[PDB]
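Peer 1: Here's my sequence, what's the structure:
(6 chains)
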Amino acid sequence: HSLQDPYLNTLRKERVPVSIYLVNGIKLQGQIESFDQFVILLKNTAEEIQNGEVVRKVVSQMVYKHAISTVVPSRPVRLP
Amino acid sequence: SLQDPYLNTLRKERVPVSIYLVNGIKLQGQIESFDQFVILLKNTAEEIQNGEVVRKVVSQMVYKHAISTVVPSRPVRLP
Amino acid sequence: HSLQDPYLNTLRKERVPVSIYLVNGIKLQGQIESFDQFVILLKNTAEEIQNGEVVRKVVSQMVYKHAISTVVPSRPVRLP
Amino acid sequence: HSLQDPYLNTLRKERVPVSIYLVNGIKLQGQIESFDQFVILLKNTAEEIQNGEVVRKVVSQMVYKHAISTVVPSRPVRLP
Amino acid sequence: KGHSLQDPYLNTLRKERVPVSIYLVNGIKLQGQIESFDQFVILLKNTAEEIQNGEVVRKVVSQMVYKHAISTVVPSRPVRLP
Amino acid sequence: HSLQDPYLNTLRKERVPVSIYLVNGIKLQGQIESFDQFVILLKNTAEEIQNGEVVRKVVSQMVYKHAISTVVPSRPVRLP
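Peer 2: Numbers count the residues shown, from 1 in each chain, chains lettered A, B, ... in the order given. The coordinates are given below.
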């Protein structure tokens, strides 16, 4: 895959906020900290309300490429 | 051997394609570039902000394995 | 592909109208123009009304084998 | 296919009526005419009615293994 | 740690006639004992019980499941491998 | 596998409680006992009511990776 590697690699190093849409329709958000041939490591640091104050929770989840339908970043970018 | 050309045709000829996903989602745009396992689809979305229409370029990396069918706008013959 | 490549070559060369059922339910109709190891190119003249006249549209769609469940030809076929 | 081939090759030989359940919940009944590495030619000997006349078709649909969840034969069978 | 786990787990599930639940991705639950498996299918035997003319009838049911349609396989009792 | 095996292996070594989301929507909780190229052996210790007292039931599923949506660890995990 001579395009997928650059593209992710780009999105990761430039810390590009992305939406990962899953085949089951679930939308993940956040940044590609890392990836390999079969998985993306995706960190999202969304805000949260814990007992009437604003906490920010950083859950990082490994998402299987084979369950991703599309990867639509927040801003377009190009490869080396 | 059929896939690459059909794609590579649509890419260079930059014909707008409708690519239906397995879940039924219909994505439209132009094939900027494709890979063994992914298609980079380019589209210019239209948004309404403060009355007037504003547009920008959205680029989607689409996994081939979530795609069912690809319907181009106009039929195309291979090279 | 002892059974597949013939059963499509026979379907392709003999221009048999085929139903393609997709895993997701939606049914495609039309003739196999051409296929490779992962895709089928299915061409189909349709029947459309625009401005009170039956107009026919020839639509060609590359359909990923991996979204296909079953392909049912219009008339029984044989191979060598 | 130490197990899959023998088993499939059995049910074609002994012309064993099989139900094939697809991943999407579809159930096909029929006899395994042929199969290869990725596909199964399922012959269905199905009666039906057309406008108050019994009409018996014989349809040979090619099924992609990747759409099959389970194949359930009508009689228990075994192989070497 | 490549393909060491799948066989041993299955292979001791089969060899020790352990009852297993097989959950298909589509949400179907299949119960039975693993008779055998290759790289791509497991052969699941169970005994089905129907009623014919108001008397019990046991039948042996043996179905070939594709692993690519299996989500998870949960034995009825803990097992361990070599 | 330069990210997946490491990420998995430290989830396993540090007995991190993990939630495994399936493509079909099912959430599986537990911890990675072992994992393969294609399966995760996931152990779950849950409390179950037996005869008016509470008893922990240990359950161990072999999960197929290809049915896994996403792997959400209980807490952050940094690899070597």
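Peer 1: For the longest strand anywhere in chain A, which residues meet the burial criterion?
Peer 2: For chain A, the longest strand by residue count, based on DSSP state E, is strand A:27-35. By 16 or more other CB atoms under 10 Å in any protein chain shown, the buried positions in strand A:27-35 come out as A:28, A:30-32, A:34-35. The way it works is simple: take the backbone N, C-alpha and C, and place the C-beta from them, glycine included.
Peer 1: Columns distance to chain B on top of those residues, output as JSON lines?
Peer 2: Converted to JSON lines, the buried residues of strand A:27-35 look like this (distance: CB to the nearest CB, whole Å):
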{"residue": "A:28", "distance to chain B": "14"}
{"residue": "A:30", "distance to chain B": "16"}
{"residue": "A:31", "distance to chain B": "15"}
{"residue": "A:32", "distance to chain B": "11"}
{"residue": "A:34", "distance to chain B": "17"}
{"residue": "A:35", "distance to chain B": "12"}
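Peer 1: biggest separation within those residues, which pair?
Peer 2: Pairwise distances across the buried residues of strand A:27-35 peak at 14.8 Å for A:28 and A:34 (criterion: CB to CB).
Peer 1: Which one of the buried residues of strand A:27-35 is nearest to residue C:56?
Peer 2: residue A:28 (43.5 Å).
Peer 1: quick one: which helix or strand includes the residue nearest to that closest one when sequence neighbours are not counted?
Peer 2: Nearest residue to residue A:28 in three dimensions, chain neighbours excluded: residue A:20, at 4.0 Å (CB to CB, 6 or more residues apart in numbering or on different chains). Using DSSP states H and E, the element containing residue A:20 is strand A:18-22.
Peer 1: Then residue A:42?
Peer 2: Mapping residue A:42 onto the secondary structure by DSSP H and E places it in strand A:39-44.
Peer 1: gap between residue A:61 and residue A:19?
Peer 2: Distance from residue A:61 to residue A:19, counting by CB to CB, to the nearest Å: 14 Å.
Peer 1: Quick check, the residue in chain A closest to chain C?
Peer 2: Taking CB to the nearest CB as the measure, chain A has residue A:23 as its residue closest to chain C, at 10.2 Å.
Peer 1: Neighbours of that residue, how many?
Peer 2: Each residue near residue A:23 was counted by other CB atoms under 10 Å in any protein chain shown, and the total is 19.
Peer 1: same deal with residue A:76?
Peer 2: Around residue A:76 there are 14 other residues, counting by other CB under 10 Å.
Peer 1: residues contacting the nearest residue to it once chain neighbours are set aside?
Peer 2: Sequence neighbours aside, residue B:59 is the residue nearest to residue A:76 in space, at 4.4 Å (criterion: CB to CB, 6+ apart). Applying CB atoms under 8 Å, 6 or more residues apart in numbering or on different chains, we find residue B:59 in contact with A:72-73, A:76-77, B:32, B:40-42.
Peer 1: right, and the pair among the residues you listed with maximum separation?
Peer 2: In the contacts of residue B:59, the most distant members under the criterion CB to CB are A:77 and B:41, with 14.8 Å between them.
Peer 1: which residue does chain A bring closest to chain F?
Peer 2: Sorted by distance to chain F under CB to the nearest CB, the residues of chain A start with residue A:36, at 3.8 Å.
Peer 1: that older thread, partner strands of the longest strand of chain A, parallel or antiparallel?
Peer 2: Sheet pairing here is set by DSSP bridges, and for strand A:27-35 it gives strand A:18-22 (antiparallel), strand A:39-44 (antiparallel).
Peer 1: For the first one, list the C-alpha coordinates in PDB.
Peer 2: It refers to strand A:18-22. Extracted in PDB, the C-alpha atoms of strand A:18-22 (Å, rounded to 0.1, in the frame of the first residue of the first chain):
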ATOM      1  CA  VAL A  18      -9.200  12.900  11.800                       C
ATOM      2  CA  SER A  19     -12.700  11.200  11.800                       C
ATOM      3  CA  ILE A  20     -12.400   7.300  11.500                       C
ATOM      4  CA  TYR A  21     -15.900   6.100  10.200                       C
ATOM      5  CA  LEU A  22     -16.400   2.400  11.000                       C
END
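Peer 1: Return the distance of it from the chain's centre.
Peer 2: In this view, strand A:18-22 has its centroid 7 Å away from the chain centroid, taken as CA atoms, centre = their mean, to the nearest Å.
Peer 1: could you point out which element follows the helix or strand hosting residue A:48?
Peer 2: Using DSSP H and E, the secondary-structure element containing residue A:48 is strand A:47-49. Using DSSP H and E, the helix or strand that follows strand A:47-49 towards the C-terminus is strand A:54-56.
Peer 1: Shouldn't residue A:5 be within a helix?
Peer 2: Yes. Residue assignment for residue A:5, taken from DSSP: H, G, I helix; E, B strand; the rest coil, places it within a helix.
Peer 1: where's it relative to chain D, distance?
Peer 2: Shown here: residue A:5 relative to chain D, a distance of 26 Å by CB to the nearest CB, to the nearest Å.
Peer 1: How about residue A:65?
Peer 2: As judged by CB to the nearest CB, residue A:65 and chain D stand 17 Å apart.
Peer 1: Need phi/psi at that residue.
Peer 2: Note on residue A:65: backbone dihedrals following degrees, to the nearest 10 are phi -50, psi -40.
Peer 1: Next: the one 4 residues further on.
Peer 2: Note on residue A:69: its backbone torsions stand at phi -100, psi -40 [degrees, to the nearest 10].
Peer 1: What helix or strand is the residue of chain A found nearest chain E located in?
Peer 2: With CB to the nearest CB as the measure, residue A:24 is the residue of chain A nearest to chain E, at 10.2 Å. According to DSSP H and E, residue A:24 maps onto no helix or strand at all.
Peer 1: Could you pull up phi and psi at it?
Peer 2: Backbone torsions for residue A:24, taken as degrees, to the nearest 10, come to phi -70, psi 0.
Peer 1: Repeat that for residue A:46.
Peer 2: Per-residue torsions, residue A:46: phi -60, psi 150 (degrees, to the nearest 10).
Peer 1: swap in residue A:50?
Peer 2: According to degrees, to the nearest 10, the main-chain angles of residue A:50 amount to phi -110, psi 100.
Peer 1: Next: residue A:45.
Peer 2: Backbone torsions for residue A:45, taken as degrees, to the nearest 10, come to phi -120, psi 50.
Peer 1: where does the one helix or strand residue A:10 maps to sit relative to the chain's centre, distance-wise?
Peer 2: Secondary structure from DSSP H and E places residue A:10 in helix A:4-13. Using CA atoms, centre = their mean, we find the averaged C-alpha position of helix A:4-13 to lie 11 Å away from the chain's own average C-alpha position.
Peer 1: before we move on, what about stretch A:44-57?
Peer 2: 19 Å.
Peer 1: Next: stretch A:12-27.
Peer 2: Stretch A:12-27 has its C-alpha centroid displaced from the chain centroid by 4 Å (CA atoms, centre = their mean).
Peer 1: Then stretch A:40-58?
Peer 2: Averaging C-alpha positions (CA atoms, centre = their mean) puts stretch A:40-58 15 Å from its chain's average.
Peer 1: Test of understanding: give the bridge partners of residue A:19.
Peer 2: Judged by DSSP bridges, the bridge partners of residue A:19 are residue A:29, residue A:72.
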